[PDB]
Amino acid sequence: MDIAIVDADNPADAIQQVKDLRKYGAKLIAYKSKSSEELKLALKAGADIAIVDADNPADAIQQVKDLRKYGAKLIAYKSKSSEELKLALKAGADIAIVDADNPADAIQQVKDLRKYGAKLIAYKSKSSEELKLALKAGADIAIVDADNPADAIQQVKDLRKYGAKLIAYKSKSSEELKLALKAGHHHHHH
């Protein structure tokens, strides 16, 4: 199953991309912001996954509680700190996004969070080899980050071939989705 990550460079365009992805037939739509209020707007537009990215951990943990009370179906939390990710999960986050800079640290955090009881661990890399190591370590969601667009296609190909069940990547633009819809085309299941 694919997760489309909204990637527009401003909130108005990001909110429109949610609508375009939903119409195109994306099964899961993820939206990241440092603003709780912006994440509520993305959910109201039809996003499935609200990614908490606020810098201040006190503020970020309160956003999890606010989004849960609000009825967010899936709340993700992005941190370089496995201690912070544990606090986010205790506060009601569904998905811990491992963001640690050093790959050795990031893989140990996957193993730590699995043993802590994390239900859904996500891991991000430009490297197919690193995502396979993370999946083996117990990650549930593989986030493709390949720099240029041709690299991103190969990484998704690599993960499909591997049998990754939850593949996340940056979405096509609204203008691309709208052109496909104008032609009568929709997302096809893989």
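Cut-offs used in this document
- Residues numbered from 1 in each chain as written, not as in the entry; some residues may be left out.
- Heavy atoms only, no water.
- Helix = DSSP H or I, 4+ residues; strand = E, 2+ residues; numbered from the N terminus.
- Buried < 20%, exposed > 50% of the residue type's maximum accessible area, 1.4 Å probe, protein only.
- Contact = heavy atoms within 4.5 Å.
- Pairing = 2+ DSSP bridges.
- Right-handed = clockwise from strand over helix to strand, strands pointing away.
- Axes fitted to C-alpha atoms, helices over the stretch in contact; angles between N-to-C directions.
- Parallel < 35°, antiparallel > 145°, perpendicular 65-115°, else oblique.
- Left-handed = near helix turned anticlockwise from the far one by under 90°.
- Nonpolar A, V, L, I, M, F, W, Y, C, P; charged D, E, K, R; others polar.
- Patch = residues over 30% accessible without salt bridge, like charges linked within 9 Å, V, L, I, M, F, W, Y side chains within 5 Å.
- Areas by Shrake-Rupley, 256 points an atom, 1.4 Å probe, with all protein chains shown as cover.
- Salt bridge = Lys/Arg side-chain N within 4 Å of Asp/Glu carboxyl O.
- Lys, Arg positive; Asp, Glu negative; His and termini not counted.
- Charge placed at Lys NZ, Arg CZ, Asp CG, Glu CD.

- As summarised from the PDB record, the model derives from X-ray crystallography at a stated resolution of 1.4600 Å.

A closer look at the environment of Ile-107
Part 1: For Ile-107, the position within the fold is in helix α5 (residues 103-116).
Part 2: The exposure class of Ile-107 is buried, given its relative accessible area of 11%.
Part 3: Here the alpha-carbon distance between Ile-107 and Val-6, two residues 101 residues apart in the chain, equals 26 Å.
Part 4: Those residues in contact with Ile-107 that sit more than four places away from it in its chain are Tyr-123, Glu-130, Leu-133, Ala-134 and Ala-137.

A short note on the pairing of strand β3 (residues 49-52)
Part 1: Burial along β3 is two-sided: the face carrying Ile-49 and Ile-51 and the face carrying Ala-50 and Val-52 are both buried.
Part 2: Looking at chain direction, strand β2 (residues 28-33) and β3 are connected through 4 bridges and run parallel. Note on β3: the bridge partner recorded for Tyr-31 is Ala-50.
Part 3: Each parallel crossover has a hand, and the one from β2 via helix α2 (residues 36-45) to β3 is right-handed.

Some details on the packing of helix α3 (residues 57-70) against helix α4 (residues 82-91)
Part 1: As a packed pair, α3 and α4 sit with axes 9 Å apart at the nearest point and diverge in direction by 30°. The orientation of α3 with respect to α4, classified from their angle, is roughly parallel. Here the hand of the crossing between α3 and α4 comes out right-handed. Only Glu-84, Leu-87, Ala-88 and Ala-91 of α4 make contact with α3, whose side of the interface consists of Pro-57, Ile-61, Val-64 and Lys-65.
Part 2: Of the residues that constitute the contact of α3 with α4, the class distribution is 6 nonpolar, no polar and 2 charged.

Brief notes about the packing of helix α1 (residues 11-24) against α2
Part 1: Where α1 meets α2, the closest approach of the two axes is 8 Å, and the angle between their N-to-C directions is 25°. By the angle class used here, α1 and α2 are roughly parallel. The way α1 lies across α2 gives a crossing that is right-handed. From α1, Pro-11, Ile-15, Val-18 and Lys-19 reach across to α2, where they touch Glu-38, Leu-41, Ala-42 and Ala-45.
Part 2: The class makeup of the residues in the contact of α1 with α2 is 6 nonpolar, no polar and 2 charged.

Thoughts on a negative patch on the surface
Part 1: On the surface, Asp-7, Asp-9, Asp-13, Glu-175 and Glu-176 cluster together into a negatively charged patch.
Part 2: Position of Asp-7 among the secondary structure elements: in the loop between β1 (2-5) and α1.

Some thoughts on the pattern of salt bridges
Part 1: Tallying each qualifying case throughout the model produces 12 salt bridges.
Part 2: Here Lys-73 ties to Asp-48 by a salt bridge, and the two come within 2.6 Å at their closest N and O atoms. Here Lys-73 is found in the loop between α3 and β4 (74-79), whereas its partner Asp-48 is found in the loop between α2 and β3, with 25 residues between them in sequence.
Part 3: When its relative accessible area of 48% is taken as the criterion, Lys-73 is described as partly exposed.
Part 4: A salt bridge links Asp-101 to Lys-80, with the shortest nitrogen-to-oxygen separation between them at 2.7 Å. Residue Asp-101 is found in the loop between β5 (95-98) and α5, and its partner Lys-80 is found in the loop between β4 and α4; the two are separated by 21 residues along the sequence.
Part 5: Through salt bridges with shared partners, a single ionic network connects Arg-22, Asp-48 and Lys-73.

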